[PDB]
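Scroll down for the structure; my scribbles are underneath it.
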Amino acid sequence: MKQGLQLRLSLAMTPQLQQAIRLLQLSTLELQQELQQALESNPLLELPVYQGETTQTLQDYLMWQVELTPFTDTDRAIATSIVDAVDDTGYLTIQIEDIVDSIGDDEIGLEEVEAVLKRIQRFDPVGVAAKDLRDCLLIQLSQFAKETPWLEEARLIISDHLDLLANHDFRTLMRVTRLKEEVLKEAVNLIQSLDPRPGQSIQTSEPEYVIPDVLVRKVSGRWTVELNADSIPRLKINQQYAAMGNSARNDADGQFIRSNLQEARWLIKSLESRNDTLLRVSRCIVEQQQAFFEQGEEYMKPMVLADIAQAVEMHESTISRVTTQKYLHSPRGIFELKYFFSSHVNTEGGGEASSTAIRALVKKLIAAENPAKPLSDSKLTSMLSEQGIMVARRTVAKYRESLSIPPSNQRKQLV
Amino acid sequence: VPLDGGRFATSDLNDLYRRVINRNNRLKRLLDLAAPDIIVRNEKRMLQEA
Amino acid sequence: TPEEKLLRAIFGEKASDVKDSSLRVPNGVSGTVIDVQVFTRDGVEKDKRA
Amino acid sequence: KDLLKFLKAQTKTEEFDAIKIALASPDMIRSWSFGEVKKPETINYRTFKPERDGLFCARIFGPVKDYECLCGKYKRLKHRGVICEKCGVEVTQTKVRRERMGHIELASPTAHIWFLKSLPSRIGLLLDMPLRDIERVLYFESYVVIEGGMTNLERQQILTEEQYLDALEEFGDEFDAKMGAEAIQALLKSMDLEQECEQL
Amino acid sequence: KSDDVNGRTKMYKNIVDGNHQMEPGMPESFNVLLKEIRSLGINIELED
DNA sequence: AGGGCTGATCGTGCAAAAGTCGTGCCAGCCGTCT
DNA sequence: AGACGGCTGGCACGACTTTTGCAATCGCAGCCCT
């Protein structure tokens with residue numbers, strides 16, 4: 001306004017201490033390791049008994065079958081080598097030639113290795129070590145009874161018509177195999193129930209860990225959030241060390257204690273401020289993401305980093321630092337902090353939509369479709385434009401790739 | 001021996017090794033920094049009792 | 001994963017996405033179910049037949 | 001490896017008669033161990049993988065559940081004893097994890113609680129010192145004298161903090177004394193056995 | 001009937017083959033005992 | 001006897017170049033109907 | 001049986017993101033060089 005100079009009264013270059021403090025808040029579990037590392041340097045800052053029960057582990061069964069089955073010593077070694085080349089799904093990871101090379105025996109021939117592999121295939125109750133989907137299907141068909149509807153047709157299709165089934169080219173398969181129309185569907189359905197990856201049944205393991213860091217939930221009609229008390233690290237100044245340093249007879253020892261106390265106080269203040277800033281940022285993010293929190297992913301507001309930065313006094317750089325490897329648990333579930341931010345899509349009615357919400361709606365529409373006639377990407381684009389997509393189906397194509405949606409030709413199948 | 005699945009929470013064998021390891025690390029790091037005799041002696045006594 | 005992609009194009013709807021963690025009766029127990037109950041936390045409304 | 005004797009080599013045991021017992025030596029402890037732990041971390045919840053240089057860590061205690069190396073490369077039975085470069089891990093069975101003990105350096109000296117605490121004081125009967133003196137000097141609050149014959153002081157006598165400071169004040173840097181386990185270690189290493197045996 | 005890992009499989013093989021023959025091995029619990037004693041500053045080993 | 005000058009102490013950002021996506025747009029191709 | 005079509009994938013471009021690389025000016029005074 002009016003030109004003038006300073007007529008009444010009213011910034012900082014953060015050094016390595018505050019600089020590393022800013023470099024902090026990148027993670028939480030990793031932050032604990034660095035905090036322990038600093039606390040090591042800083043001296044003024046502070047039967048029925050459950051034991052593991054062995055399991056088959058999808059390989060001890062194979063070893064037990066090998067031991068029980070009668071095999072030669074060389075045959076036993078080859079069987080052990082084959083068991084080494086195993087997968088959780090149940091297919092042989094390494095090639096037969098690879099097994100022969102690893103054997104390192106002039107005698108070791110491909111015929112003996114093949115005989116051992118064939119014996120092992122029928123050895124375990126679950127058909128395994130097929131190393132080929134066609135081989136596994138053939139093993140399943142052989143195990144299946146001879147008196148089956150279109151069993152020979154299904155075997156012929158599995159033999160060399162795997163590609164036709166892969167592309168769902170039913171017309172091409174019917175033309176090539178000269179199979180019966182609308183009757184080969186029975187053979188296809190029978191082939192569908194062939195237990196692919198049979199070994200995976202013996203494999204079972206789950207994480208059962210989320211390690212939550214924040215807790216936000218609806219209460220009294222409003223979303224309330226709080227940092228996880230257990231997860232947040234805490235530091236305490238060593239009172240005994242502070243007392244010793246204050247009354248230290250040696251001047252040098254007292255000065256060193258004072259320097260250590262200053263460093264520890266700076267670190268503690270930085271940690272507390274980082275935690276508080278993260279809490280405030282999470283509260284601000286929730287204030288605007290309550291719609292997605294309550295209604296679901298479809299009601300996700302298109303939000304950017306600057307949008308969150310505007311509601312707070314911190315910069316977008318602080319927003320990025322806060323939105324770094326942070327996971328928050330809520331009634332909906334566990335989600336990353338960065339998952340909140342989404343692209344803005346122009347839409348009918350003037351509003352902008354979150355690209356994540358658009359992809360979720362697209363997936364919901366695609367799943368709820370007639371299996372006989374799969375929706376075209378152009379058709380899906382028109383359907384979303386009926387809701388105001390303002391998209392050219394290239395972004396829809398990218399979203400479908402993100403969701404691994406198959407082609408309209410591929411999605412279609414026999415009814 | 002995981003109890004909750006999320007946290008294994010070893011006890012009676014590993015908390016002791018954890019204490020000894022961290023205390024020895026702090027003493028070894030501190031001994032190289034020409035610490036005052038009182039603090040290093042107290043840390044050594046902590047290590048011995050651990 | 002070309003093998004897994006081929007399997008999914010053939011069978012699909014499993015894609016080895018889920019492992020069987022179904023609740024099965026331990027051996028040596030035979031009986032008749034009297035009744036089941038389900039408790040769902042607030043915020044989730046799946047309620048398929050709850 | 002012919003792969004026909006390697007499997008036969010694992011399942012073997014000795015005659016194993018005449019079991020003995022003796023005190024252990026630091027060199028034997030070093031020979032027993034393969035690596036040294038340095039971090040209190042045991043397992044990571046970010047990847048559920050063995051830590052680095054700590055409890056349950058790789059490059060010590062042996063491999064992980066399979067012949068697969070922790071880095072991810074060299075994962076097959078074709079490799080029998082090779083050690084990868086990005087990760088130092090012997091490609092073997094998992095059972096060996098129950099047969100590899102670790103070691104920690106522990107730069108500061110430390111006494112062994114099984115000794116000097118049972119009914120007979122091994123340190124006490126070795127040094128002819130009362131137990132009270134040995135536990136008082138074991139905790140940095142007794143300041144026993146180590147040596148010094150020029151001064152009018154006994155070889156093995158208790159000199160409290162005030163006593164130690166004044167003794168160093170008048171006698172100068174001659175009455176050497178220590179307050180930790182290294183004091184006991186020095187007093188015990190710097191003594192003959194046959195001469196005292198003959199005297200007794 | 002015990003911790004002997006190399007004995008259980010061998011005896012199962014002999015029984016299913018109808019051999020009824022015994023191979024002793026050495027218990028794993030004694031190995032645990034040795035490892036636990038060696039954890040203390042006490043050397044213990046097996047002679048010949 | 002007078003000048004040089006020496007090291008203590010200090011400090012929640014940002015911006016600038018780089019990257020990187022959202023969206024659209026073009027080229028080809030194969031299933032197909034002609 | 002050569003062309004329609006929808007897919008898919010490569011290509012490009014402004015518009016959101018973000019990360020690292022900086023580490024200012026300040027009053028004491030006694031000691032060393034001239």
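Residues in the structure tokens are named by chain (A, B, ... in the order shown) and by number from 1 within that chain; ligands are numbered from 1 in the order shown.
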Just the residues within 10 Å of residue 256 in chain A, please, counting only C-alpha atoms (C1' of nucleotides), with nothing from its chain fewer than 6 positions along; format it as a PyMOL selection string. (chain A and resi 245+250+262) or (chain B and resi 34-36)
Serialized selection, N, CA, C and O atoms, as a CSV table (one decimal), in the first residue's frame:
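So selection23.csv came out as:
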chain,number,residue,atom,x,y,z
A,245,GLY,N,26.7,-33.7,35.7
A,245,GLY,CA,27.3,-32.6,34.9
A,245,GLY,C,27.2,-31.3,35.5
A,245,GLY,O,28.1,-30.5,35.4
A,250,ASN,N,35.3,-31.3,37.3
A,250,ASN,CA,36.1,-31.0,36.1
A,250,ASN,C,35.4,-30.0,35.2
A,250,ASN,O,34.2,-30.3,34.8
A,262,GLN,N,22.5,-30.0,25.6
A,262,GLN,CA,22.0,-29.1,24.6
A,262,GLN,C,21.6,-29.9,23.4
A,262,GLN,O,20.5,-29.7,22.8
B,34,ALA,N,36.5,-40.1,25.3
B,34,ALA,CA,37.1,-39.5,26.4
B,34,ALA,C,36.1,-39.0,27.4
B,34,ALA,O,36.2,-37.9,27.9
B,35,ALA,N,35.2,-39.9,27.8
B,35,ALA,CA,34.1,-39.5,28.8
B,35,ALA,C,34.7,-39.4,30.2
B,35,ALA,O,35.8,-39.9,30.5
B,36,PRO,N,34.0,-38.6,31.0
B,36,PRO,CA,34.5,-38.5,32.4
B,36,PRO,C,34.5,-39.9,33.1
B,36,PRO,O,33.6,-40.7,32.8
Residues within 12 Å of residue 16 in chain E, only C-alpha atoms (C1' of nucleotides), excluding chain neighbours under 3 positions, as a list in words: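 Counting only the stated atoms, we get residues 67, 68, 69 and 70 of chain A; 9, 10, 11, 12, 13, 19, 20 and 21 of chain E.
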Now that the selection is made, can you save its residues with C-alpha atoms as a compact mmCIF listing (two decimals), in the first residue's frame?
# COMPACT_ATOMS: atom_id res chain seq x y z
CA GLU A 67 11.92 -92.08 1.62
CA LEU A 68 8.96 -94.47 1.76
CA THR A 69 9.01 -95.16 -1.98
CA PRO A 70 11.67 -97.64 -3.20
CA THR E 9 12.48 -91.68 9.48
CA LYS E 10 14.82 -94.68 9.36
CA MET E 11 12.59 -96.68 11.72
CA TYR E 12 9.46 -95.73 9.78
CA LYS E 13 11.20 -96.94 6.61
CA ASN E 19 12.83 -104.87 8.83
CA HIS E 20 12.37 -104.40 12.61
CA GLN E 21 15.95 -103.17 13.01
Please identify every residue of chain A that has at least one atom no more than 9 Å from any atom of chain F, counting only C-alpha atoms (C1' of nucleotides), and report them as a list in words. residues 11, 12, 13, 14, 15, 17, 18, 19, 21, 22, 169, 270, 273, 274, 314, 315, 317, 318, 343, 344, 345, 355, 391, 392, 393, 394, 395 and 409 of chain A
Write the residues of the selection above to a file with N, CA, C and O atoms, as an mmCIF file, in the first residue's frame.
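The resulting result.cif:
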data_model
loop_
_atom_site.group_PDB
_atom_site.id
_atom_site.type_symbol
_atom_site.label_atom_id
_atom_site.label_comp_id
_atom_site.auth_asym_id
_atom_site.auth_seq_id
_atom_site.Cartn_x
_atom_site.Cartn_y
_atom_site.Cartn_z
ATOM 1 N N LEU A 11 12.127 -15.996 10.816
ATOM 2 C CA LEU A 11 12.821 -16.634 9.647
ATOM 3 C C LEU A 11 14.083 -17.381 10.119
ATOM 4 O O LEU A 11 14.537 -17.045 11.231
ATOM 5 N N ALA A 12 14.660 -18.314 9.323
ATOM 6 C CA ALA A 12 15.824 -19.099 9.837
ATOM 7 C C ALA A 12 16.499 -20.076 8.855
ATOM 8 O O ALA A 12 15.776 -20.689 8.049
ATOM 9 N N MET A 13 17.836 -20.224 8.925
ATOM 10 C CA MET A 13 18.593 -21.226 8.178
ATOM 11 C C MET A 13 18.846 -22.409 9.103
ATOM 12 O O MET A 13 19.741 -22.371 9.951
ATOM 13 N N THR A 14 18.058 -23.465 8.937
ATOM 14 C CA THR A 14 18.151 -24.618 9.817
ATOM 15 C C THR A 14 19.489 -25.327 9.614
ATOM 16 O O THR A 14 19.787 -25.765 8.496
ATOM 17 N N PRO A 15 20.304 -25.471 10.657
ATOM 18 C CA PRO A 15 21.593 -26.154 10.490
ATOM 19 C C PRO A 15 21.462 -27.665 10.572
ATOM 20 O O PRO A 15 20.348 -28.195 10.610
ATOM 21 N N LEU A 17 21.583 -29.896 12.718
ATOM 22 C CA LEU A 17 20.668 -30.455 13.711
ATOM 23 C C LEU A 17 19.229 -30.416 13.210
ATOM 24 O O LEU A 17 18.593 -31.461 13.013
ATOM 25 N N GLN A 18 18.701 -29.212 12.984
ATOM 26 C CA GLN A 18 17.342 -29.088 12.476
ATOM 27 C C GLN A 18 17.221 -29.663 11.071
ATOM 28 O O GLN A 18 16.141 -30.107 10.667
ATOM 29 N N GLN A 19 18.318 -29.676 10.311
ATOM 30 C CA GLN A 19 18.280 -30.276 8.981
ATOM 31 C C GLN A 19 18.034 -31.775 9.055
ATOM 32 O O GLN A 19 17.222 -32.315 8.299
ATOM 33 N N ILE A 21 16.677 -33.178 11.598
ATOM 34 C CA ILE A 21 15.329 -33.259 12.153
ATOM 35 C C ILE A 21 14.295 -33.244 11.032
ATOM 36 O O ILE A 21 13.324 -34.010 11.044
ATOM 37 N N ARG A 22 14.485 -32.360 10.052
ATOM 38 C CA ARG A 22 13.631 -32.360 8.869
ATOM 39 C C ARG A 22 13.808 -33.646 8.073
ATOM 40 O O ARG A 22 12.837 -34.196 7.539
ATOM 41 N N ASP A 169 -10.612 -67.543 -27.566
ATOM 42 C CA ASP A 169 -11.027 -67.566 -28.967
ATOM 43 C C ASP A 169 -11.864 -68.822 -29.187
ATOM 44 O O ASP A 169 -11.430 -69.802 -29.794
ATOM 45 N N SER A 270 12.886 -31.578 18.643
ATOM 46 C CA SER A 270 12.632 -31.883 17.240
ATOM 47 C C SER A 270 11.692 -33.071 17.090
ATOM 48 O O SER A 270 10.772 -33.042 16.266
ATOM 49 N N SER A 273 8.143 -32.007 18.114
ATOM 50 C CA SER A 273 7.554 -31.140 17.102
ATOM 51 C C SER A 273 7.177 -31.925 15.854
ATOM 52 O O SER A 273 6.142 -31.660 15.238
ATOM 53 N N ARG A 274 8.012 -32.889 15.457
ATOM 54 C CA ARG A 274 7.686 -33.721 14.303
ATOM 55 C C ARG A 274 6.414 -34.519 14.551
ATOM 56 O O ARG A 274 5.536 -34.598 13.682
ATOM 57 N N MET A 314 2.215 -24.984 7.348
ATOM 58 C CA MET A 314 3.446 -25.544 6.818
ATOM 59 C C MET A 314 3.419 -25.554 5.291
ATOM 60 O O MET A 314 2.371 -25.404 4.658
ATOM 61 N N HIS A 315 4.598 -25.733 4.704
ATOM 62 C CA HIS A 315 4.742 -25.718 3.258
ATOM 63 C C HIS A 315 4.444 -27.093 2.666
ATOM 64 O O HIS A 315 4.301 -28.094 3.374
ATOM 65 N N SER A 317 6.522 -28.792 1.087
ATOM 66 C CA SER A 317 7.658 -29.641 1.424
ATOM 67 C C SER A 317 7.422 -30.371 2.740
ATOM 68 O O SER A 317 7.712 -31.568 2.859
ATOM 69 N N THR A 318 6.894 -29.664 3.741
ATOM 70 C CA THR A 318 6.538 -30.314 4.997
ATOM 71 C C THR A 318 5.423 -31.330 4.787
ATOM 72 O O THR A 318 5.388 -32.370 5.454
ATOM 73 N N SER A 343 -5.561 -37.611 -8.425
ATOM 74 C CA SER A 343 -5.614 -36.704 -9.561
ATOM 75 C C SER A 343 -7.002 -36.088 -9.702
ATOM 76 O O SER A 343 -8.005 -36.650 -9.254
ATOM 77 N N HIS A 344 -7.050 -34.920 -10.332
ATOM 78 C CA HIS A 344 -8.290 -34.199 -10.577
ATOM 79 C C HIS A 344 -8.734 -34.433 -12.012
ATOM 80 O O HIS A 344 -7.981 -34.164 -12.954
ATOM 81 N N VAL A 345 -9.956 -34.934 -12.173
ATOM 82 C CA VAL A 345 -10.529 -35.247 -13.476
ATOM 83 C C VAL A 345 -11.691 -34.300 -13.715
ATOM 84 O O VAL A 345 -12.591 -34.195 -12.873
ATOM 85 N N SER A 355 -9.165 -39.462 -9.438
ATOM 86 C CA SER A 355 -8.882 -40.547 -10.371
ATOM 87 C C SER A 355 -8.990 -41.908 -9.699
ATOM 88 O O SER A 355 -9.385 -42.885 -10.345
ATOM 89 N N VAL A 391 -13.603 -38.028 -20.095
ATOM 90 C CA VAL A 391 -12.389 -38.797 -20.332
ATOM 91 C C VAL A 391 -12.464 -39.396 -21.729
ATOM 92 O O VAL A 391 -13.552 -39.622 -22.269
ATOM 93 N N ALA A 392 -11.297 -39.654 -22.314
ATOM 94 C CA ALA A 392 -11.206 -40.122 -23.690
ATOM 95 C C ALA A 392 -10.952 -41.619 -23.801
ATOM 96 O O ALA A 392 -10.626 -42.096 -24.893
ATOM 97 N N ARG A 393 -11.085 -42.362 -22.703
ATOM 98 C CA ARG A 393 -10.925 -43.805 -22.565
ATOM 99 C C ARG A 393 -9.461 -44.230 -22.634
ATOM 100 O O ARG A 393 -9.171 -45.409 -22.430
ATOM 101 N N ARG A 394 -8.527 -43.323 -22.919
ATOM 102 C CA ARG A 394 -7.116 -43.651 -22.764
ATOM 103 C C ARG A 394 -6.735 -43.689 -21.291
ATOM 104 O O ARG A 394 -6.039 -44.605 -20.835
ATOM 105 N N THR A 395 -7.191 -42.694 -20.527
ATOM 106 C CA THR A 395 -7.024 -42.737 -19.078
ATOM 107 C C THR A 395 -7.820 -43.887 -18.478
ATOM 108 O O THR A 395 -7.384 -44.518 -17.509
ATOM 109 N N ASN A 409 -12.660 -58.640 -25.688
ATOM 110 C CA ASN A 409 -12.635 -59.960 -26.308
ATOM 111 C C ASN A 409 -12.237 -61.030 -25.299
ATOM 112 O O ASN A 409 -12.826 -62.116 -25.259
#
Find the residues of chain D in contact range of chain A, meaning any atom within 12 Å when counting only C-alpha atoms, and list them as a ChimeraX atom specification. /D:1-8,38-48,51,65-68,75-80,92-93
Output the selection as a short mmCIF file (atom, residue, chain, number, x, y, z; two decimals), in the first residue's frame - N, CA, C and O atoms for each residue.
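Output file out-v1.cif follows:
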data_model
loop_
_atom_site.label_atom_id
_atom_site.label_comp_id
_atom_site.auth_asym_id
_atom_site.auth_seq_id
_atom_site.Cartn_x
_atom_site.Cartn_y
_atom_site.Cartn_z
N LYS D 1 31.65 -81.72 -6.05
CA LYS D 1 30.68 -82.60 -5.39
C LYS D 1 30.01 -83.54 -6.38
O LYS D 1 29.43 -83.10 -7.37
N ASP D 2 30.09 -84.84 -6.09
CA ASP D 2 29.39 -85.85 -6.88
C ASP D 2 27.92 -85.96 -6.52
O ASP D 2 27.18 -86.66 -7.22
N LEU D 3 27.47 -85.29 -5.46
CA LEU D 3 26.10 -85.27 -4.98
C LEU D 3 25.62 -86.64 -4.51
O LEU D 3 24.45 -86.79 -4.15
N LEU D 4 26.49 -87.65 -4.50
CA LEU D 4 26.15 -88.97 -3.99
C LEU D 4 26.76 -89.26 -2.63
O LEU D 4 26.27 -90.15 -1.93
N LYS D 5 27.83 -88.55 -2.25
CA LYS D 5 28.40 -88.67 -0.92
C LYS D 5 28.08 -87.48 -0.03
O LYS D 5 28.20 -87.59 1.19
N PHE D 6 27.69 -86.34 -0.62
CA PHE D 6 27.37 -85.17 0.18
C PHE D 6 26.18 -85.43 1.11
O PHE D 6 26.22 -85.07 2.29
N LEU D 7 25.12 -86.05 0.59
CA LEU D 7 23.98 -86.37 1.44
C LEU D 7 24.34 -87.45 2.46
O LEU D 7 23.84 -87.41 3.59
N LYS D 8 25.19 -88.41 2.08
CA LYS D 8 25.63 -89.42 3.03
C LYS D 8 26.52 -88.84 4.12
O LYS D 8 26.63 -89.42 5.20
N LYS D 38 26.16 -57.01 16.63
CA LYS D 38 26.40 -55.65 17.07
C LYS D 38 25.13 -54.82 17.26
O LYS D 38 25.22 -53.74 17.85
N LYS D 39 23.98 -55.29 16.80
CA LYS D 39 22.76 -54.51 16.91
C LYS D 39 21.70 -55.26 17.70
O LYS D 39 21.59 -56.49 17.57
N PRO D 40 20.92 -54.57 18.53
CA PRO D 40 19.86 -55.24 19.29
C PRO D 40 18.64 -55.60 18.47
O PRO D 40 17.72 -56.23 19.01
N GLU D 41 18.60 -55.24 17.19
CA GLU D 41 17.47 -55.60 16.34
C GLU D 41 17.48 -57.10 16.08
O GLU D 41 18.53 -57.70 15.82
N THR D 42 16.30 -57.72 16.15
CA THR D 42 16.14 -59.15 15.90
C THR D 42 15.46 -59.43 14.57
O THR D 42 16.00 -60.18 13.74
N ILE D 43 14.29 -58.84 14.34
CA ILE D 43 13.53 -59.06 13.12
C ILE D 43 12.91 -57.73 12.71
O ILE D 43 12.61 -56.88 13.55
N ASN D 44 12.74 -57.54 11.40
CA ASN D 44 12.09 -56.35 10.87
C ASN D 44 10.67 -56.69 10.44
O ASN D 44 10.43 -57.73 9.83
N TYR D 45 9.74 -55.81 10.77
CA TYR D 45 8.34 -55.98 10.40
C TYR D 45 8.01 -55.36 9.05
O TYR D 45 6.89 -55.53 8.56
N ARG D 46 8.95 -54.63 8.45
CA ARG D 46 8.76 -54.07 7.12
C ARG D 46 8.87 -55.13 6.03
O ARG D 46 8.15 -55.06 5.03
N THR D 47 9.75 -56.11 6.20
CA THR D 47 9.94 -57.16 5.22
C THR D 47 9.92 -58.57 5.80
O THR D 47 9.94 -59.53 5.02
N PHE D 48 9.87 -58.73 7.12
CA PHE D 48 9.91 -60.03 7.77
C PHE D 48 11.14 -60.82 7.32
O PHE D 48 11.06 -61.97 6.87
N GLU D 51 17.71 -59.49 10.23
CA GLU D 51 18.35 -58.18 10.34
C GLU D 51 19.80 -58.28 9.89
O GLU D 51 20.26 -59.31 9.38
N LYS D 65 15.51 -70.30 5.78
CA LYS D 65 14.75 -71.54 5.67
C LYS D 65 15.16 -72.42 4.49
O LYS D 65 15.12 -73.65 4.60
N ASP D 66 15.56 -71.83 3.37
CA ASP D 66 15.89 -72.58 2.17
C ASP D 66 17.35 -72.35 1.80
O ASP D 66 18.07 -71.58 2.44
N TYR D 67 17.79 -73.04 0.75
CA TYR D 67 19.11 -72.79 0.18
C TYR D 67 19.19 -71.41 -0.46
O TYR D 67 20.29 -70.97 -0.81
N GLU D 68 18.06 -70.73 -0.62
CA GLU D 68 18.04 -69.40 -1.20
C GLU D 68 18.80 -68.42 -0.31
O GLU D 68 18.57 -68.36 0.90
N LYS D 75 20.04 -69.24 -5.57
CA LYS D 75 18.96 -69.94 -4.88
C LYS D 75 18.67 -71.25 -5.61
O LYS D 75 17.76 -71.32 -6.44
N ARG D 76 19.44 -72.29 -5.29
CA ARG D 76 19.25 -73.61 -5.86
C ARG D 76 20.25 -74.57 -5.21
O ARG D 76 21.24 -74.15 -4.61
N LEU D 77 19.96 -75.86 -5.34
CA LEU D 77 20.87 -76.90 -4.86
C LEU D 77 22.11 -77.04 -5.74
O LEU D 77 23.06 -77.72 -5.33
N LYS D 78 22.11 -76.43 -6.93
CA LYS D 78 23.31 -76.46 -7.77
C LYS D 78 24.50 -75.84 -7.05
O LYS D 78 25.65 -76.22 -7.31
N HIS D 79 24.25 -74.90 -6.15
CA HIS D 79 25.29 -74.30 -5.32
C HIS D 79 25.28 -75.01 -3.97
O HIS D 79 24.25 -75.04 -3.29
N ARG D 80 26.43 -75.56 -3.59
CA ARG D 80 26.53 -76.40 -2.40
C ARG D 80 27.30 -75.76 -1.25
O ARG D 80 26.94 -75.98 -0.10
N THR D 92 23.39 -73.94 2.57
CA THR D 92 23.34 -75.25 3.21
C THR D 92 21.94 -75.57 3.71
O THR D 92 20.97 -74.89 3.36
N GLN D 93 21.82 -76.61 4.53
CA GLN D 93 20.55 -76.93 5.17
C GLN D 93 20.22 -75.88 6.23
O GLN D 93 21.08 -75.13 6.70
#
For residue 27 in chain G, list every protein, DNA or RNA residue within 12 Å, evaluated using only C-alpha atoms (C1' of nucleotides), and leave out those in the same chain fewer than 4 positions away; present the list as a list in words. residues 7, 8 and 9 of chain F
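Using only C-alpha atoms, the smallest distance between any of A:75, A:111, A:147, A:206 and residue 19 in chain C comes from A:206.
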Report the residues of range 7-165 of chain D whose backbone DSSP state falls under helix (DSSP H, G or I), written as a PyMOL selection string. chain D and resi 7-10+26-32+95-98+122-127+131-137+161-165
Excluding same-chain residues fewer than 5 positions from range 5-21 of chain G, what lies within 9 Å of it counting only C-alpha atoms (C1' of nucleotides), as a compact mmCIF listing (two decimals) with N, CA and C atoms (P, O5', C5', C4', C3', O3' and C1' of nucleotides), in the first residue's frame?
# COMPACT_ATOMS: atom_id res chain seq x y z
N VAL A 304 -4.90 -32.48 -3.77
CA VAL A 304 -3.50 -32.35 -4.12
C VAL A 304 -2.72 -31.96 -2.88
N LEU A 305 -1.39 -31.99 -3.00
CA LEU A 305 -0.53 -31.62 -1.89
C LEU A 305 -0.75 -30.17 -1.49
N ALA A 306 -0.89 -29.28 -2.47
CA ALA A 306 -1.13 -27.87 -2.18
C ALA A 306 -2.46 -27.67 -1.46
N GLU A 316 4.35 -27.13 1.33
CA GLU A 316 4.15 -28.39 0.64
C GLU A 316 5.33 -29.34 0.85
N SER A 317 6.52 -28.79 1.09
CA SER A 317 7.66 -29.64 1.42
C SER A 317 7.42 -30.37 2.74
N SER A 320 5.00 -33.13 2.04
CA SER A 320 5.65 -34.29 1.45
C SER A 320 6.43 -35.07 2.49
N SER A 343 -5.56 -37.61 -8.42
CA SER A 343 -5.61 -36.70 -9.56
C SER A 343 -7.00 -36.09 -9.70
N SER A 376 -17.00 -52.57 -23.88
CA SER A 376 -15.87 -51.96 -24.55
C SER A 376 -15.35 -50.77 -23.74
N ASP A 377 -14.06 -50.48 -23.90
CA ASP A 377 -13.47 -49.33 -23.24
C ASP A 377 -14.13 -48.04 -23.71
N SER A 378 -14.43 -47.95 -25.01
CA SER A 378 -15.24 -46.85 -25.50
C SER A 378 -16.64 -46.88 -24.89
N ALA A 397 -8.31 -46.66 -20.08
CA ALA A 397 -7.47 -47.81 -20.42
C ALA A 397 -6.33 -47.96 -19.42
N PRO A 407 -9.08 -57.69 -21.85
CA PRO A 407 -9.75 -57.09 -23.02
C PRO A 407 -11.21 -57.50 -23.08
N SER A 408 -11.99 -56.68 -23.80
CA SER A 408 -13.39 -57.02 -24.02
C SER A 408 -13.53 -58.37 -24.71
N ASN A 409 -12.66 -58.64 -25.69
CA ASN A 409 -12.63 -59.96 -26.31
C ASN A 409 -12.24 -61.03 -25.30
P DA F 18 18.02 -30.10 -14.42
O5' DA F 18 17.56 -31.51 -13.84
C5' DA F 18 17.65 -31.78 -12.45
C4' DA F 18 16.47 -32.61 -12.00
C3' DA F 18 15.88 -33.48 -13.11
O3' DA F 18 16.28 -34.83 -12.93
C1' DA F 18 14.19 -32.44 -11.72
P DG F 19 15.87 -35.95 -14.00
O5' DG F 19 14.51 -36.54 -13.41
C5' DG F 19 14.36 -36.66 -12.00
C4' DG F 19 12.90 -36.75 -11.63
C3' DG F 19 12.08 -37.77 -12.43
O3' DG F 19 11.49 -38.70 -11.54
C1' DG F 19 10.92 -35.73 -12.19
P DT F 20 10.78 -40.04 -12.09
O5' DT F 20 9.42 -40.07 -11.26
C5' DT F 20 8.85 -38.85 -10.82
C4' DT F 20 7.45 -38.68 -11.37
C3' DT F 20 7.03 -39.73 -12.40
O3' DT F 20 5.72 -40.19 -12.11
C1' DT F 20 6.63 -37.59 -13.23
P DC F 21 5.14 -41.54 -12.77
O5' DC F 21 3.58 -41.25 -12.88
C5' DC F 21 2.88 -40.74 -11.75
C4' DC F 21 1.89 -39.67 -12.16
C3' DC F 21 0.75 -40.14 -13.05
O3' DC F 21 -0.46 -39.55 -12.61
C1' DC F 21 1.87 -38.35 -14.09
P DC F 25 -7.59 -35.74 -27.94
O5' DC F 25 -6.40 -36.40 -28.77
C5' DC F 25 -5.07 -35.94 -28.58
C4' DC F 25 -4.10 -36.78 -29.38
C3' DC F 25 -4.69 -37.44 -30.62
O3' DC F 25 -3.74 -37.41 -31.68
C1' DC F 25 -3.72 -39.07 -29.27
P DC F 26 -4.17 -37.80 -33.18
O5' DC F 26 -3.18 -38.99 -33.56
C5' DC F 26 -1.82 -38.71 -33.90
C4' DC F 26 -1.03 -39.99 -34.08
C3' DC F 26 -1.46 -40.88 -35.24
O3' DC F 26 -0.35 -41.62 -35.73
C1' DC F 26 -1.79 -42.04 -33.25
P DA F 27 -0.42 -42.37 -37.15
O5' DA F 27 0.85 -43.35 -37.15
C5' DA F 27 1.28 -43.94 -35.93
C4' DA F 27 1.43 -45.45 -36.06
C3' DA F 27 0.81 -46.07 -37.30
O3' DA F 27 1.41 -47.34 -37.56
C1' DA F 27 -0.46 -46.69 -35.43
